[PDB]
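These notes are about the structure you will find just below.
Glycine gets a Cβ as well: all are built from the backbone with ideal geometry, and neighbour counts include every protein chain shown. Nothing in this text is a laboratory measurement; each read-out follows from the coordinates by a stated rule.
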Amino acid sequence: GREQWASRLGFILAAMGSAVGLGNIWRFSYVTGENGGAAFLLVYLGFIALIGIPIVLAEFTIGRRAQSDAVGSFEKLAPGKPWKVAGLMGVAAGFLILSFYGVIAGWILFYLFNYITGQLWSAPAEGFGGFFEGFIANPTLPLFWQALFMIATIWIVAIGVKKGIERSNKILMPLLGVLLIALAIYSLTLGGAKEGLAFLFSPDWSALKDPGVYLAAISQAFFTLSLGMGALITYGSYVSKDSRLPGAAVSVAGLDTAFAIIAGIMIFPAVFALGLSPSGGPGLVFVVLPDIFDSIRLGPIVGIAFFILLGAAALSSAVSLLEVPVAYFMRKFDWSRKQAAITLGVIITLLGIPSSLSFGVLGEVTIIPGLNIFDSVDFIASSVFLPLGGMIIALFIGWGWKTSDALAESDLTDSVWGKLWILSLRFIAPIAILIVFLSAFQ
Ligand SMILES: CCCCCCCCCCCCO[C@@H]1O[C@H](CO)[C@@H](O[C@H]2O[C@H](CO)[C@@H](O)[C@H](O)[C@H]2O)[C@H](O)[C@H]1O
Ligand SMILES: CCCCCCCCCO[C@@H]1O[C@H](CO)[C@@H](O)[C@H](O)[C@H]1O
Ligand SMILES: CCCCCCCCCO[C@@H]1O[C@H](CO)[C@@H](O)[C@H](O)[C@H]1O
Ligand SMILES: N[C@@H](Cc1ccc(O)cc1)C(=O)O
Ligand code: NA
Ligand code: NA
């Protein structure tokens, strides 16, 4: 009873729905902001092209060939071999990443609720920054909107692959892109465009001397592509032979990059027009954008539409996050999808609660030295587990497969592009990750 995408376009739009989410707007902005901007972006773009695309194709190939979960794919294609540690790490990353992903998405629903009830049709007396600090520091209020978002997440994963994940609305992501474009154009007119565009596209190579920039660039690349943890193995495991994987990987990588770049064109000219620091942190878009929406006449309608379309993109991403533990637990314990979605979704919600409290009453607590709970959970998943799982995945096809099977299953020949892809997995991508690890950690 293995489920398959009902529609022909279902797989590619699901992969696009998995990639495009909070990482393109919320995470891309604040990580680019504190990492220096343009020099980080160039390294980030280079990581997309040379590591992101091939390992995305690597995940599609493994999933479609094995027709199993992120862990069962390795047990099936190479029984009794150590490659399944990437599937195990990938399942754990699903727990950790979605635990805090639900919190940031709860921030979305809260802001949408405030616009729908008219609470943000003017700058609150304490300011848009003071409004944001007051909400995220509340111990209970973000939990309610986080729990509300997870209920929707679990509901769609429980309904199934054909009736749930696939049937998300096809106009909302294009409407999100059109809206970001319209906004990015508006922020160009606001006065901080020259300095904001120099920050984003004129590189200061002094920042590159710190190795941590490379680690953040590769963490954002793996994060924004839903990469390295078997999420695309799982989505690919639902598609049949009537599908071209190379174009799917480039389309997903191209669209996700376009969303990221246009988000930066919107955010940072707005950052500089406001005179705010680009290095503010995780609440950057939540302080900058409502202030930006407030200078528009119809801004409250822009805010409603923005956090509706942003919330819908976060929803399709959270669904693919929960889908990795659910498919793994459906097989290995004969759990029903509704049981696994509800049980694992409830547990992941509980795991995120400390990360939500980390923005307030637990703000002084550290797990990894110098990082609070939220920053620690993100670091182990995005900077450790995603890049390492991606390194294993690339080496698996590179050295654990025969080349003819690698090319045949990926719908490639022994062409220049086919040779380029096998070379990326054997050497370029995995040694780039290893070098990033070696230099960052002493
Ligand atoms: C889009 C999904 C819609 C789902 C339906 C939601 C309807 C149920 C409403 C529950 C949320 C309202 O609950 C109420 O919200 C307001 C903020 O909005 C909170 O207000 C409180 O927190 C905010 C956060 O900064 C402070 O600015 C404010 O000074 C403080 O009073 C209330 O303490 C909370 O009790
Ligand atoms: C896809 C549609 C995108 C349209 C975006 C155009 C919005 C730019 C509005 O500029 C604003 O209005 C006046 C110009 O008309 C200026 O005087 C004012 O300083 C400026 O803030
Ligand atoms: C809509 C996409 C447009 C992207 C263009 C962004 C280019 C960023 C570079 O900024 C430029 O840096 C120079 C100094 O480095 C300045 O002398 C110059 O005045 C400034 O313009
Ligand atoms: N790529 C998504 C987040 C994500 C990460 C990993 C996943 O497995 C799924 C989703 C984003 O940029 O918003
Ligand atoms: Na993304
Ligand atoms: Na999404």
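Overview of values
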quantity: Charge tally in the Cβ shell below 14 Å around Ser317, where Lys, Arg are +1 and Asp, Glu are -1, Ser317 excluded; calculated: -1
quantity: Integer Hz, Karplus 6.51/-1.76/1.60 couplings in order for region 250-261, x for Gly and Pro; calculated: 6, 4, 5, 5, x, 5, 4, 5, 4, 4, 5, 5
quantity: Quotient of C-alpha Rg and 2.2 N^0.38 Å, computed over region 291-404; calculated: 1.48
quantity: Relative contact order, percent, the chain [alpha-carbon distance under 8 Å, six or more residues apart]; calculated: 35
quantity: Efficiency of FRET between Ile181 and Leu50 - r from beta-carbon atoms, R0 41 angstrom, step 0.05; calculated: 0.90
quantity: Two-site label geometry, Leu148 and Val361: point separation in nm, points 7 Å out along Cα→Cβ; calculated: 2.1
quantity: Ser240 paired with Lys194, simple spin-label distance in nm, labels 7 Å along Cα-to-beta-carbon; calculated: 6.0
quantity: Stretch gain in nm, segment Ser439-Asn138, where the contour uses 0.36 nm per residue and the Cα spacing is subtracted; calculated: 104.5 nm
quantity: Residue among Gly275, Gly363, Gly345 with the largest mean-square fluctuation in a Gaussian network model of the chain, springs linking Cα atoms under 10 Å; calculated: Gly275
quantity: Whole-number D in µm² s⁻¹ for region 1-104, Kirkwood Cα-pair radius fed into Stokes-Einstein, 37 °C, 0.692 mPa s; calculated: 203
quantity: Region 1-48 and region 172-215: distance between their alpha carbon centers, rounded to Å; calculated: 16
quantity: Linear extension gain, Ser202 paired with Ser122, 0.36 nm per residue minus alpha-carbon span; calculated: 25.3 nm
quantity: Sequence of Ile367, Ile165 once ranked by neighbouring C-beta atoms within 10 Å, starting from the fewest; calculated: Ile367, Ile165
quantity: Computed [θ] at 222 nm, helices only, for the chain once each DSSP H run of length n ≥ 4 contributes -39500 (n - 2.57); calculated: -21500 deg cm²/dmol
quantity: Compactness of region 210-368, expressed as Rg and Dmax over alpha-carbon positions, Å; calculated: 19.3, 56
quantity: Convex hull of Cα atoms in the chain, direction-averaged projection (nm²); calculated: 20.0
quantity: Local electrostatic count, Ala216, Cβ distance below 10 Å [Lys/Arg +1, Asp/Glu -1]; calculated: -2
quantity: Taking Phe131, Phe144, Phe396 and counting other C-beta atoms within 10 Å, the order from fewest to most; calculated: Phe144, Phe131, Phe396
quantity: Summed residue charge, Cβ within 12 Å of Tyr235's Cβ, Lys/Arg positive, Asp/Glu negative; calculated: -4
quantity: For region 89-160 versus region 298-373, the gap between their alpha-carbon centres in whole angstrom; calculated: 9
